[PDB]
Structures are given as C-alpha cells and as structure tokens.
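What follows is a set of notes on a single structure, which appears directly below.
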Amino acid sequence: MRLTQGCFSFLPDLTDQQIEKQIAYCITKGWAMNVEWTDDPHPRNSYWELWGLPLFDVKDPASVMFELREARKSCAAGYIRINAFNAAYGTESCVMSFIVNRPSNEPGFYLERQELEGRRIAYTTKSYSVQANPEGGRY
Amino acid sequence: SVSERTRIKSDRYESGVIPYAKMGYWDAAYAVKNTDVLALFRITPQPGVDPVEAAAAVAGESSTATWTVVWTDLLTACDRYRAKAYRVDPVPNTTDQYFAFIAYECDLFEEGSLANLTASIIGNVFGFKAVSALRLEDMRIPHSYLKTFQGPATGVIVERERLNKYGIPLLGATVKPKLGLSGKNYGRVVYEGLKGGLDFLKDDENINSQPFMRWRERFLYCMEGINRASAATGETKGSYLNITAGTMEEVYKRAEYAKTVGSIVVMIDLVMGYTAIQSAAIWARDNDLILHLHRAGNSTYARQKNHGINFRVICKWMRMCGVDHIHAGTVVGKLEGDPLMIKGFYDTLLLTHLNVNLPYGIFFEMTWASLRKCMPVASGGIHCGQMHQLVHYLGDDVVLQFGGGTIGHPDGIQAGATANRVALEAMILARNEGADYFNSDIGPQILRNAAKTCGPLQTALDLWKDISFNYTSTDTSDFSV
Amino acid sequence: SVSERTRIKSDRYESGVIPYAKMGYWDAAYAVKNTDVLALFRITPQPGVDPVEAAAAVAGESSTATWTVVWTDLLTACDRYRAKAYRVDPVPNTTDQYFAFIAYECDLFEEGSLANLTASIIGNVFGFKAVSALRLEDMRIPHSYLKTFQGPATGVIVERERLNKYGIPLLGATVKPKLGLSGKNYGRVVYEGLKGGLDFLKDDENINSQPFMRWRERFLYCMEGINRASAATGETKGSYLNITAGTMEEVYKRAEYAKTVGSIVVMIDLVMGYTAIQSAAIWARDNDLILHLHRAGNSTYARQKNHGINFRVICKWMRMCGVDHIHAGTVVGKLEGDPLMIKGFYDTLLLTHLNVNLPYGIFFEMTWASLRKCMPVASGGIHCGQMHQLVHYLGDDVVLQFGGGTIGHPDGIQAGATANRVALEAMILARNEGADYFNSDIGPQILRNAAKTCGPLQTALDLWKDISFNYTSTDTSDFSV
Amino acid sequence: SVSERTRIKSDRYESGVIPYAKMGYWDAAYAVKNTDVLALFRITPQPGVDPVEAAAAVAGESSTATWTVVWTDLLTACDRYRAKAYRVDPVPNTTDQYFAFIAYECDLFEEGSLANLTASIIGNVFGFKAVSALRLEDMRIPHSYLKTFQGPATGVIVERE
Amino acid sequence: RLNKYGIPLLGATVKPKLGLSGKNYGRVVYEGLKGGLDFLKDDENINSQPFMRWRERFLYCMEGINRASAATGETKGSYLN
Amino acid sequence: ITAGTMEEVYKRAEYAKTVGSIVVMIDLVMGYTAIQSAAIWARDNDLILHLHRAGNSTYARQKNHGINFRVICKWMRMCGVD
Amino acid sequence: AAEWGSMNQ
Amino acid sequence: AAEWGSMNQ
Ligand SMILES: O=C(O)[C@@](O)(COP(=O)(O)O)[C@H](O)[C@H](O)COP(=O)(O)O
Ligand SMILES: O=C(O)[C@@](O)(COP(=O)(O)O)[C@H](O)[C@H](O)COP(=O)(O)O
C-alpha cells in the first residue's frame, strides 16, 4: 500500500529538481523550513523525530538540500518529510508539508473491533510493521 | 383640574406630531466614537418624501422613537439613547436611490446576543409605508462588542492541525440522490468516495430522519465506512452528520450520539434560527467537535440589489456566533455569484482586519479583535475540467465539494474521487513552479498533460468538456477599478 | 477491465447531462393525491430559458435531482420520490412572469418538523442562476401531515375563557420610549395604563436585558403593577414579559421565572428562529401560559411582489408550530397593508376551512383538521379617531394595540387609556343596533356624540384629527371582483 | 553533527544572557493603544542597578521573558506579546525611588478572570533580588476588557429603590 | 506512585511564558521528558487565552507524555493548570 | 424483561443493553401501556423487540364472542413490536 | 381560471 | 468618495 499523507502523494515520487523548486517557493514567502523522520506512520502520530533545529534565516535552497542528503544516508529505513512554518500574527503554524523518502515496502494496517453497549463498536487501527519489530528495525 | 394645569408646554415635549428630523434623529455634524455600532442602508423614498426625512425615520424607528411626542422621554437620558443619521448620498448612475450612514450607542445592546442586535437593526423598518424599498449593505461592529462573543469553536488553524493537512484546499462531496437511500447504502457511498481520495463527504441539507431512513441507522453505518477507509489509506477521514431537528432537545440528543461514536464533525442548517445556532456553537467548543453551517433559505432575502440583506453582513454575524465552516460561492457553478462580491465575502471570513474597498463592496474599516477565522465552502455544479479557474478565484483556504462531479463518473465512485484529487495536485504543483495556469490555453493543457497518466481523469475531461453556466448576475457592484 | 465492461448504456441512466423535463420532473397528466404537499411559485425566467424547463428545474432541485445523471438512483424507488411540475400559466397583465404548481410525496418529510419542510421547499432554489426572480405565494398542507403538529397551545376560545372577556376586541398598548427606562419606571406605566382600562400592556421587541435595566428587576415590578390594577377594577389583567435571549438555556430560565411569579402570558420574537419557536410552544402547553409572537424581520423577504415569501405562508407555518397570537396588519396605520391581502391573512388564522378566493390571494382549498385558532394582533400608528374603520376591516377576534396613541395623551396615561376604551364600547353598541358606522359621516358623528360625555375622548379627537398615512402599496393582488 | 551545524548564530537568538533592556522590553518611543492595559509601579533599585534596567526587568518577568535567551520565541509573534516599559521618573523629594509606566497587550489575558490578570501583574516580580522594594500604585483598565466582567450585582441606584 | 527513591526529582517550565499554540506546547513536553526530566509544567499565567484554549493544550500534552514514557520505560507527567 | 412494575422492566432492559444483547422479549399479559413504552425505548436504544402473545386465546378462540386475532395484529403493528 | 379547482382534486 | 474614511474616524 502507498501512504497518502502529505500534499503531493497522488503524484509520482518527486525528483531532486522538483523538490528544490518547492523549497524556492516557500523561501520567497519568508517561511522557516525543517526536516523530520519516523518509522511509525499511524495517522494520529503527531510528533515525528526532529533532524537538527529549523533553518530560520537561510535564503538558499542548497542549504536545505544538503541537510536532506545527510539524513538520507544517516537515518534508518522509514519515512522523511519537509515542513514550512509561518510565525505571522493570525497564523503561527505550519503552512506546507510533503513526503520526500519512502521504505521499499509498506504492508499497511488492519482494524480491531471491540463490542460495547447495544450495537456500538470501539475501533483501533493497527500497523503491521510496528507490531512486528522495535524502532530502528521496522523496514 | 390638576391635570389641565400640569400640561407640558415645552416646544419639544408638548403633545402632537413633528418630523423625525426635528425630534433629534438627524445630525450632519455628528462625531463617531470607537464604541459605536454603524450601519449602511440603501433607501428608495416614496414619490414626494424628502431623502433626509426618510433617513431620520429609519434611525428613530430602529432606536427609541414613535409616530407622536411622548413626555416619558424626560425620565431618561434621551440624547444618549437616540440613534443619529449623519450622512446621505445619491447612489451612482441611479435616480431615486440614496446611501445613508447611521450610528448607535453601545449601551443599546445586550452583551453576546445576536437576537437582540437584529431586533433593533431589522425589526420593523423594512415594512414602513413611507419607503418603497430598503437594503442593509454593511455594518461596523466595534472591538468592545466583539469581545462579548465566542467566535469560531475550532477555527481554520486548529482544524488543519486536527486533520494533519497543510498547504492545499480540502476536498469533499455530497451523497446523491438527495432522498430515498437506506442507511446501509449511504455507508457504502461514503466508504467508496473516501477510499478514492476525498477528505470528507456530507449528508444533503434535507436529510434528517424520514420513513425511508431513521438517523441512528445512518450514524452507525457511516462510522464503519470512515474507519475502513482510514485504515486502508493511512489518513484521517470524516463525514458531516446532520443534527438539524424540530426541537432543541432532539438537536442535543443527536449531537451527543455523534460524539459517543467518535465523529470529528457535524453539520446544521440556517433554517434552524439564530438562537439554536448560538447554542450549538457553544456545545461544539465544550465537546471538541467541528461545526459546519449550510445556508438554506439565505437567497429569499440576499438575491436582489433593491431590497433585503447583503450576504457580507450574514458572513459577519455567523463568524461572531462561532461556526467553523460556511458556504460562500463558486463563481463558475450553477448558483449566483459575482467574482468581485465573492472576493469580498472570502476576505470578511479569513482576514484579521478589513480596509475600505468600494469595488469589492467593503464600506467600513474594521478589526476582528483576534477572533478565529471561518473556513469558506465552494459547492454547486462544478467539475475537474474547471480546476484552473477554481484555484485562481477561490484561493487556498477553502473546501471544494463535488457531488454530481464525483458520483456521476461512468467507471464508479472510487474512479470519480481519484480524477478530482489528481487534477488538484497537478494544478497546485504547476502554480508553485510559476506558470500562467489561469490563461485559457495553459490551464487546460496542464490538466490534459496529467490525464496522460490517469485514465479516470481522461474519461471525466471528455465527458464534461463543454459544460458551463453563463447568465447575467442579479447582485452586482456600484463602483469600478 | 471489469469497470469498462460494466458501464450503464441505458438511455436514462448513461452518464451525461440531460434537461430536467426529460429526467421525469414534468408531468402535465399528473393526478394529485389527498396526502400530497402542494406549492405555488411565481417564476421569472432568464432571457432564452423555456418556462417549462424552469418549472422542472425548481421541482428537481427541491426533491432528489442534481446537474448530471447518477446511477445510484437505481438503488431506490426513484419514481415515487421525484417531485412533479404539473401546471404552468402566464401571470395576468404581465410579460415574463408565470405561475407554477408542484406536488411532493408525503414520505419526503419528517413528522412534526418545520426545519425539515423548509429545508426542501426554500433550501437553495432561490439562488439558481437560470431564474432572475422567484416567490413562494401559497401551499396546500394535507390533513395527514397536520396531525403530526401540536397547533396553538391555548387557542382563541380557551384564552377568552381565561380572561372572562367575550363579544368585543381585546385592548392593549406598548411602553414608550422603546429604550432607556428603569424597571421601577416600567412598572409605573403598566400600573397607570391598566388602571385606565387596558386589558394588556407589552415590552418593546428590543427590550431584553441591557445595562439600563436587567430583566429580573422588570419582571418583579410588573407583577406589583398588575395586582394593584386588578384589585382596583375587579378584572383579570396582564403584561407580555419578553423572554427572547441569545441561547436556549437563557430562554428557559426566563420562562420558568415568569411562571413562578404568576404571569398569565409571555412574548417571543421571530428573529429567534423556527427550532427555538417550536420548543417554546411545547413548553407553554405543558405549563399553562399564553404565547405571543412578534414578527421582527418578516419584511426583509415578505414586502416585494417579485421575490421572497408571501406572509400568508408564514401565517400557516406559525399556526402549525402553535403560537397563540401573531401581528397581522392594520390597513390604516403606518406599516404596509393592502385591505384585500390582509383579509386573506385573518381568514388563514381564524377559519376551520379555506375555499379558493383569487381576489384575496387564496389559491388552494384546505381544512385545518381541528387545529385551534390563532388570534391576530393589529399595531402601528393608529388612534381612537379611526375606530369606525378598525371595526369594519379587522373584525371582532383581534387585539387592537395603541402605544403613542395612549402614552402621548396631554392629560396623562390613565386619561389616554380611558379615551380608547370608551370609543370602542360606543362603536360596538351602535353597530349591534344596525347603524352604517363605516359611512364617512355616521362613523365620526358617533364618536363625537360619545365625546360629549367624556373629556379625555374630546381632547384626543381634537389632537389627532387630521392624522393619516396614504401611500401606494408594494404587495397587491393579481385578480379582481 | 546535525545539531552543531544547525546552531542559531543570530545576534538576538544566539544562546547566552543579555540585559532585559536589549531584549526589547524598553521602548521610550512607544505609542499606547486604547485596548492596552497599563500599570504604574514605585520601584526602589538595589545599590548599583540602573533605574531603566530595573523597569525593563519588571516588564519582561511579568510578560514572556526569562533570565537567558530561548529560540522557542521564533515559533510565535514575539514582538506583539512582549510588555513594554515606556517612561521612568524620579519620585519628588526622594532619592532612590522612581515611578515606571508599563503597557500590556489585550490578548495576554483571559476574558472575565481576575485570577489570570493578577497572575501576570503581581505573580513573582515582588520577590526579584535586583530590587529592594516595589509597590503597584495604579492601573488603567480599558473599555474592551471591562465589558467581559459583570460589575455590581445590584448597584447603588437599584439598592436605594 | 512514581517508583522513584533516594534522589531529588527533576523538572522544567515551558518558555516563553506566553504566545505558544497547543501543538507547539506538546512538542516541548515530548522533547524535555524524552531527554530525562521527570516532569514539565505550564507557567503560572497560562490558563485559557486567544492564542491557545485549554482543551487543546490538555489533549496534545497527554500524547507527548505517553510517547516519552513508552520510549524510556519510566512513569512521566506534566502539571496541567 | 417481563416484570411486575414498569421500574423493574426498565432496570432489566438497561442491563441487557449494557452486556451487548441484540434482542429482548416481552409478554402480552403486561398490558397495552407497558408495551407502548417498551417499543419507544427499543427504537431509542437500537434493540430488537419480540412479543409473546400469552393470554390471547382467552378471547380470540370462539367464533361467536370476543376479538378476532387479525385485529390484535393491526394494533400491535401500530404499537411498534418487531 | 376554474380549471385550478378541478386540476387539484 | 474619500470623505467616507474621514467622516467615520
Ligand atoms: O443540494 C445541492 O444542490 C448541493 O448539494 C450541490 O450538490 P451538487 O454538487 O451535485 O451540485 C449544495 O447543497 C449546494 O451547492 C448548496 O448551494 P450553496 O453552496 O450556494 O449554498
Ligand atoms: O415598535 C413599534 O413600532 C410598535 O410597538 C408600534 O408602536 P406604536 O403603537 O407606537 O406605533 C410595534 O412593534 C409595531 O406595530 C410592529 O409592527 P407590526 O405589527 O406590523 O409587525
């Protein structure tokens, strides 16, 4: 299965030139950029692991491209994403996020159904990779 | 007699009828305060009536005046409570139409209550015999009064965080046909649409609890369809459950059920009324739910330029009550919408402050005192063949909804959903790379290029290629540039 | 592919766009059933649009249709759920206006719910680009559906018994000025007016709870004024306490307080909304209170003949919800009102059955299935000098209200109240003896004769002798005789 | 290491301790707004402490500041949330006493809550080692904030009645 | 209740005092606890304000606490105001 | 869930729902008003309602006197048993 | 006309 | 015109 989190997941994996252009678009707005990693893709897993501090006043995509290159050869198999933050009054939140690296294979998830009162069910979403191996060796 | 000797002989408080403009309701040299509420009215006087007298009549009958002199006024600080007409101007390119500005004291209104504000501004003035037509065009609500209202329960920023979705418009669809389906068939459509790639689906405004389908059945099957789709894609999904009902008690019963089964969102209709709406917005904040507002009935009074209330005013009132989403127009769809007026609506719902902009219908500068933003919704006869226009006119904070444009696909509902998502992703990417996607040639070619890697999209483009709705608009601007 | 091989090739269910009139929404040979809901619309087509296509579009978009073909229709008994246009005719003396009749199946609506009925009839049709204007003129609500609603909580018959008052119109007045008075000064006016001879007084629609006067203070002083006046005259008296508020919880808190202190009646405003109104009418029946409805906001959509909703429809909906009183017009006052249209309104609210009457705007025959009667209220710039006209146009089941016409008397509030009661008593007596009181000469002489035994009345006649409001009406009839 | 390469080098957001008056908490050319909350404090500086630094310390520790630089400030509209000292005057007929005026943004407080207002104005400033004594003399509460509170239940007028 | 004996407990306050959103608040809690703190706390002046409503803060904080406890094998917590 | 008083009936209905029963049953000897109350509860709580016709043959057996069962059928379909 | 009373039984 | 911005301070 293909994980559909992010804004461009219905398009093929993007090339390095493609990634650089999107970065160039965020810096022209004055946004701060950062890179994150994880091996637990549950949709309610809000905090991915941080790769260094956010690049606040960098004004050249080459600096961002370099950092992503390092993570790629340094981190274990899993997922990597690039985010952009806007600290303007009225926003003070993230304004863009897309995946930029995937594992060779993703088995996906399945549902568990606990029966409670009347006809009500309490659902739990479960990951095949997580349930099988500890962090660092899931993919 | 004692009564005869105690008669008031003052020129202003002696019994009898005098013009409203001599009663103290007209003041050209009035100085406006930062706590005052202001209103702009488009008035059409009856043959013979003086334009200034008409303005003074509207101000008096919407504040503290009646048709004849009353001495009881002397038991109060009368001058402080009277509303004041302070400017009157002819409408450009028109004879018999005039614009009128009116100021109201802060102490005239009850804190945090929309029923009270409207009781004064729109209570009885529209039925006065001395005017032939009347329309409320705009209002300036001061910072002090804004602080007595909650504002949106969730707000655009917190909502995108709840869905983990950033940097692109959200997507959705309505279940069709409008009426006739059972609860089990309803869940099947939801499962299919979400699985193909929609963020949300919704019940029609007229779906509540009927002989062909009772509400409890629909809510149960829908939660099974949502969980199935989320587990198959790895994304957070949802459907707008309709809690509209005949009595407040029944509304609350349906809201508490949806929360129990774990719904992230619910929807209400405008026909319910201001007080029911305010109660629902307070409940959503106290129970962590998103609140969607359908505007059923608005066009009975917001369509004609000569009489009624302009939608931009409704936008302000609903942002004050605290709804999270609201329908606001598509420009190219099958319902009414002038591009300049629509851009005005979107600004009123998303900005932190408004500056005067006549061509857009913005008459008053106004700050939102840190009230959260309300998300606009675009719906009504639109298709993936028009993606380039939607991105250019509606912006990035918006929910694009496709009912017939999804279920009407020849290869199934899942195929329809895929064609819509792909079209959007390709257009945004191209935009961010600096292309002229709005050009009548570049835009369609971009979609054609994407179509050569997605069969569903190719099929949809060929099917609705020559589909458009061109008709003269009813509500238009009065200024240019 | 499996999807490509399983494509629908039926002429009616193949993908694509076809006219609404070929989708099954137009049927000139349709036979109406006694369980069907019917509607009459005045439509104005855009240049080029066929009159029959417009009618078919309104029927489809208000029932189960969308802009393109959907196969999901085959999972339902489609033919039974589709609304059907069955008659279209040009409006007399007009070009570009047409009348359209439409029938709806009983199973389309939720039992006992006004929000649901309106969601279908007025939801989105008024905003369609293909029409330039639209107006709902009338409706036929069947016996079967009427039986799912409560109807008036008290009703005219039970109410006259609660007051021990029979055989003459009731009398009342509004406190003035509209805003600014304290709770203690409010009670003083109530005491004075009732003591002079009024049956009831009322708070203004915009009086709720404000800095100059909190509600609990007003309710306490008013009950002291009512008991004082009743003990001094030997009659049952009362005042309409306003319970309008921003949230349902606050509404209930104010209703329970008024009942605790022993109020016989309370009042609500139309700006509150349908769902809040229905809840209040159920509470009044369960707690033995009379419920008065002020129609604040109605003229935003009920004033123009080309677009909106006619008041006679609002009359039917409110009688179904179960209010006990409703404002309905004066003809000779300062607010809009054509005599033929007004007579239609009064009949809709008081009769046990309606028969077709075009000159009065009655388009459908209809029985009320034993629902109780709603009492009409006449208010707005009227004076005792017009008594002969009021008796002739408004009838005997009505509340005549005099605000400025009572407080504006030079000799005090008690004097004003006396002049109004005497004028009425003399006119009814004369009528019952068989006189032509409506003649422009007999009527005034009758009042003059009575005045020679009552100084207050003499003073009032001389003061408002030449007072009238003559202006061309906006909402008029389309038939004569 | 990634952490070492991603260290902040900006003069204002590099790690370390700097005076409160250079952190943006002193602004003699500040323009007061009609929505701002204002406070007047009588301060007595410790021997050696500059009168202006003391005022800046009171403003920072009663708003959003701490004893050392934090980069997390860049995740917020920092300039809007900082309180600002804008005037300092010697107390007449006194040596070692000064009056200080301070302005606070409306969005810093919870509507209708006195516990919250006091938590900011009198929370910990009175125990600061750098001052020897301190007194809150007056405050200007704006119209906008007043409207979120009930005010007297009865009031003098209704009570006499 | 904490299974901690024979040494002072450790903690920290979230900074800056005011201005952060509920999601950014949870991020700091997750980070601090994961590095080895027993507890973190809201500032005395953090309650419910326009920049952050209380229900949002409480939800994100419990996600940060559970994540840190599962990654270290220790009982953790944060003082909710 | 048949019992001697309405309060005891409700106590047994709420227990069965708590443990997750898809269905419950009642007897005709309970009476029309108790039956109507139970049918309203089942709709509001998503349970199936079975009706046993204990006592019907005391008046529905002979052709010369009593009530024919087809009438009882209509009344019970109106009350709302499943 | 009078066909409105016969078209709506 | 531009007097609407000065007439409403
Ligand atoms: O009932 C309908 O017609 C819709 O579901 C459209 O479905 P389609 O996608 O099939 O057209 C929407 O409610 C309208 O857009 C409402 O209008 P508005 O947004 O202007 O309030
Ligand atoms: O506010 C007012 O103007 C009135 O109190 C009139 O007082 P006066 O007696 O002093 O005129 C009534 O509410 C109007 O009649 C309402 O109009 P309608 O009945 O048409 O809904």
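By order of appearance in the structure tokens: chains A, B, ..., then residues from 1 within every chain, and ligands from 1 in the order shown.
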Ligand 2 neighbours within 9 Å using only C-alpha atoms and all ligand atoms, as a PyMOL selection string: (chain B and resi 61-62+64-68+123-125+127-128) or (chain C and resi 173-178+202-206+294-299+326-330+333-337+377-383+401-407)
Residues of chain D near chain B: apply a cut-off of 8 Å, count only C-alpha atoms, and supply the list as a PyMOL selection string. chain D and resi 107+143-145+147-148
Residues within 10 Å of segment 60-75 of chain D, please, as a ChimeraX atom specification. Count only C-alpha atoms; anything in the same chain fewer than 4 positions from it doesn't count. /A:32,53-54,56,85-88,92-93 /D:8,12-21,23-26,55-56,79,81-85,104-105,108,119-125,128 /E:14-21,24,28,43,45
Looking only at the backbone, which of the residues in segment 16-72 of chain F does DSSP tag as strand (DSSP E), as a PyMOL selection string? chain F and resi 23-27+48-52
Counting only C-alpha atoms, chain F residues within 12 Å of chain B, as a VMD selection string: chain F and resid 42 to 47
What residues in chain A have any atom no more than 12 Å from chain D when counting only C-alpha atoms, and can you write them as a short mmCIF file (atom, residue, chain, number, x, y, z; two decimals) with N, CA and C atoms, in the first residue's frame?
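Output below, filename result-v6.cif:
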data_model
loop_
_atom_site.label_atom_id
_atom_site.label_comp_id
_atom_site.auth_asym_id
_atom_site.auth_seq_id
_atom_site.Cartn_x
_atom_site.Cartn_y
_atom_site.Cartn_z
N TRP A 31 9.25 31.82 4.72
CA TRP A 31 8.88 30.77 5.71
C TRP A 31 10.12 30.05 6.26
N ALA A 32 10.01 29.44 7.45
CA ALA A 32 11.13 28.67 8.06
C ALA A 32 10.97 27.19 7.70
N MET A 33 12.07 26.50 7.35
CA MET A 33 11.97 25.09 6.87
C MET A 33 12.60 24.11 7.88
N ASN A 34 12.09 22.87 7.94
CA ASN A 34 12.71 21.83 8.82
C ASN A 34 12.51 20.43 8.22
N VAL A 35 13.25 19.43 8.72
CA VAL A 35 13.18 18.03 8.18
C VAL A 35 12.90 17.07 9.33
N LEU A 50 12.89 15.09 15.19
CA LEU A 50 13.47 16.31 14.56
C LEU A 50 14.90 16.06 14.06
N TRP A 51 15.25 16.57 12.88
CA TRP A 51 16.63 16.46 12.36
C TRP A 51 17.29 17.83 12.51
N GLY A 52 17.93 18.09 13.66
CA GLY A 52 18.52 19.42 13.92
C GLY A 52 17.46 20.47 14.21
N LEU A 53 17.85 21.74 14.33
CA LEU A 53 16.89 22.86 14.56
C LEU A 53 16.31 23.33 13.23
N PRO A 54 15.17 24.07 13.20
CA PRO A 54 14.64 24.62 11.95
C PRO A 54 15.60 25.66 11.35
N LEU A 55 15.67 25.75 10.02
CA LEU A 55 16.54 26.75 9.34
C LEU A 55 15.75 28.06 9.22
N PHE A 56 15.97 29.00 10.13
CA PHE A 56 15.14 30.24 10.16
C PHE A 56 15.51 31.26 9.08
N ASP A 57 16.77 31.71 9.02
CA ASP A 57 17.11 32.82 8.08
C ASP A 57 17.89 32.33 6.85
N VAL A 58 17.94 31.01 6.61
CA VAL A 58 18.62 30.51 5.38
C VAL A 58 17.84 31.03 4.16
N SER A 63 21.18 24.96 0.97
CA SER A 63 21.37 24.62 2.41
C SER A 63 20.37 23.54 2.84
N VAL A 64 19.10 23.67 2.45
CA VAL A 64 18.05 22.67 2.81
C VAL A 64 18.36 21.34 2.09
N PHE A 66 21.19 20.10 1.14
CA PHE A 66 22.34 19.44 1.81
C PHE A 66 21.86 18.65 3.03
N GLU A 67 21.09 19.30 3.91
CA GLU A 67 20.63 18.63 5.15
C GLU A 67 19.85 17.35 4.80
N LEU A 68 18.92 17.44 3.85
CA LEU A 68 18.12 16.25 3.44
C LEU A 68 19.06 15.14 2.96
N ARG A 69 20.08 15.49 2.17
CA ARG A 69 21.05 14.49 1.67
C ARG A 69 21.67 13.75 2.87
N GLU A 70 22.09 14.48 3.90
CA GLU A 70 22.73 13.85 5.09
C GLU A 70 21.76 12.86 5.74
N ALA A 71 20.57 13.32 6.13
CA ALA A 71 19.57 12.44 6.76
C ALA A 71 19.41 11.16 5.93
N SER A 74 22.11 8.89 6.63
CA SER A 74 22.38 8.70 8.08
C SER A 74 21.24 7.95 8.78
N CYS A 75 19.99 8.25 8.45
CA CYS A 75 18.84 7.64 9.18
C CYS A 75 18.54 6.21 8.70
N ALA A 84 7.09 23.59 6.34
CA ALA A 84 7.35 25.05 6.30
C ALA A 84 6.47 25.74 7.35
N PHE A 85 7.04 26.64 8.16
CA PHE A 85 6.28 27.29 9.26
C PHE A 85 6.14 28.80 9.02
N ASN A 86 4.98 29.37 9.37
CA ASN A 86 4.73 30.83 9.21
C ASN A 86 4.41 31.44 10.59
N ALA A 87 5.30 32.28 11.14
CA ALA A 87 5.11 32.81 12.51
C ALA A 87 4.36 34.16 12.52
N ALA A 88 3.66 34.50 11.43
CA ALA A 88 2.91 35.77 11.34
C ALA A 88 1.68 35.77 12.26
N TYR A 89 1.41 36.89 12.95
CA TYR A 89 0.19 37.02 13.79
C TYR A 89 -1.04 36.63 12.96
N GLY A 90 -1.87 35.73 13.49
CA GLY A 90 -3.04 35.25 12.73
C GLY A 90 -2.81 33.85 12.20
N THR A 91 -1.55 33.39 12.23
CA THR A 91 -1.21 32.03 11.72
C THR A 91 -0.40 31.29 12.77
N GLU A 92 0.91 31.57 12.85
CA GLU A 92 1.77 30.94 13.87
C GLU A 92 1.57 29.42 13.81
N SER A 93 1.71 28.83 12.62
CA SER A 93 1.51 27.37 12.43
C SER A 93 2.23 26.89 11.17
N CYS A 94 2.15 25.59 10.87
CA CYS A 94 2.75 25.04 9.62
C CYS A 94 1.84 25.39 8.44
#
Could you state the separation of atom CA of residue 266 of chain B and atom CA of residue 352 of chain B in Å, given to one decimal place? 26.2 Å
Choose the residue, out of B:235, B:324, B:269, B:396, that has the smallest atom-to-atom separation from ligand 1; count only C-alpha atoms and all ligand atoms.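 Of B:235, B:324, B:269, B:396, the one nearest ligand 1, counting only C-alpha atoms and all ligand atoms, is B:269.
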6 Å contact set for segment 460-475 of chain C, only C-alpha atoms, chain neighbours under 2 positions out, as a JSON list (two decimals) with N, CA and C atoms, in the first residue's frame:
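What follows is the written file result-v4.json:
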[["chain", "number", "residue", "atom", "x", "y", "z"],
["C", 305, "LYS", "N", -43.32, 42.04, -4.45],
["C", 305, "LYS", "CA", -44.17, 41.05, -5.18],
["C", 305, "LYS", "C", -43.35, 40.14, -6.11],
["C", 334, "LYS", "N", -49.27, 52.95, 10.04],
["C", 334, "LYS", "CA", -48.04, 53.47, 9.39],
["C", 334, "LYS", "C", -47.22, 52.35, 8.71],
["C", 385, "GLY", "N", -59.52, 58.13, 16.84],
["C", 385, "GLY", "CA", -60.27, 58.83, 15.77],
["C", 385, "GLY", "C", -60.56, 57.92, 14.57],
["C", 457, "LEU", "N", -61.75, 61.82, 25.77],
["C", 457, "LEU", "CA", -62.02, 61.47, 24.34],
["C", 457, "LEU", "C", -62.07, 62.75, 23.50],
["C", 458, "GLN", "N", -62.80, 63.77, 23.96],
["C", 458, "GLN", "CA", -62.87, 65.07, 23.24],
["C", 458, "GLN", "C", -61.45, 65.57, 22.95]]
Applying 6 Å and only C-alpha atoms, which residues near residue 26 of chain E remain after dropping the ones on its own chain fewer than 6 positions away? List them as a compact mmCIF listing (two decimals) with N, CA, C and O atoms, in the first residue's frame.
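The resulting file, result.txt, is shown below:
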# COMPACT_ATOMS: atom_id res chain seq x y z
N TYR E 60 -2.97 17.54 23.58
CA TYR E 60 -1.62 17.35 22.99
C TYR E 60 -0.62 16.90 24.07
O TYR E 60 0.25 16.07 23.75
N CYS E 61 -0.76 17.40 25.30
CA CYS E 61 0.22 17.08 26.37
C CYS E 61 0.18 15.57 26.70
O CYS E 61 1.26 14.99 26.90
N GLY E 64 2.21 13.64 24.20
CA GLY E 64 3.65 13.80 24.46
C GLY E 64 4.13 12.97 25.65
O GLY E 64 5.23 12.42 25.56
What are the closest atom pairs, with distances in Å to one decimal, for all residues of chain B lying within 8 Å of chain H? Consider only C-alpha atoms, order rows by chain and residue number, and present the result as JSON lines.
{"residue": "B:31", "atom": "CA", "partner": "H:8", "partner_atom": "CA", "distance": 7.8}
{"residue": "B:32", "atom": "CA", "partner": "H:8", "partner_atom": "CA", "distance": 6.0}
{"residue": "B:33", "atom": "CA", "partner": "H:9", "partner_atom": "CA", "distance": 7.5}
{"residue": "B:34", "atom": "CA", "partner": "H:9", "partner_atom": "CA", "distance": 7.6}
{"residue": "B:356", "atom": "CA", "partner": "H:5", "partner_atom": "CA", "distance": 7.8}
{"residue": "B:364", "atom": "CA", "partner": "H:5", "partner_atom": "CA", "distance": 8.0}
Could you save those same residues with N, CA, C and O atoms as a PDB file, in the first residue's frame?
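The resulting again_38.pdb:
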ATOM      1  N   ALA B  31     -20.028  63.440  15.577  1.00  0.00           N
ATOM      2  CA  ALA B  31     -18.669  62.847  15.621  1.00  0.00           C
ATOM      3  C   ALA B  31     -18.781  61.384  16.069  1.00  0.00           C
ATOM      4  O   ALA B  31     -19.294  61.152  17.180  1.00  0.00           O
ATOM      5  N   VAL B  32     -18.303  60.439  15.257  1.00  0.00           N
ATOM      6  CA  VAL B  32     -18.479  58.988  15.587  1.00  0.00           C
ATOM      7  C   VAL B  32     -17.485  58.554  16.677  1.00  0.00           C
ATOM      8  O   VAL B  32     -16.354  59.066  16.686  1.00  0.00           O
ATOM      9  N   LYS B  33     -17.898  57.636  17.559  1.00  0.00           N
ATOM     10  CA  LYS B  33     -16.995  57.113  18.624  1.00  0.00           C
ATOM     11  C   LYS B  33     -16.503  55.708  18.240  1.00  0.00           C
ATOM     12  O   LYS B  33     -17.142  55.076  17.379  1.00  0.00           O
ATOM     13  N   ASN B  34     -15.417  55.240  18.861  1.00  0.00           N
ATOM     14  CA  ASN B  34     -14.834  53.909  18.527  1.00  0.00           C
ATOM     15  C   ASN B  34     -15.658  52.785  19.172  1.00  0.00           C
ATOM     16  O   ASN B  34     -15.382  51.617  18.864  1.00  0.00           O
ATOM     17  N   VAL B 356     -11.155  49.815   3.736  1.00  0.00           N
ATOM     18  CA  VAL B 356     -12.229  50.218   2.773  1.00  0.00           C
ATOM     19  C   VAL B 356     -11.862  49.776   1.347  1.00  0.00           C
ATOM     20  O   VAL B 356     -10.704  49.988   0.956  1.00  0.00           O
ATOM     21  N   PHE B 364     -16.672  49.784   5.330  1.00  0.00           N
ATOM     22  CA  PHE B 364     -16.155  50.194   6.664  1.00  0.00           C
ATOM     23  C   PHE B 364     -14.830  49.505   6.991  1.00  0.00           C
ATOM     24  O   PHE B 364     -14.701  48.297   6.736  1.00  0.00           O
TER      25      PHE B 364
END
Atomic separation - atom CA of residue 81 of chain C relative to atom CA of residue 121 of chain C, Å: 14.4 Å
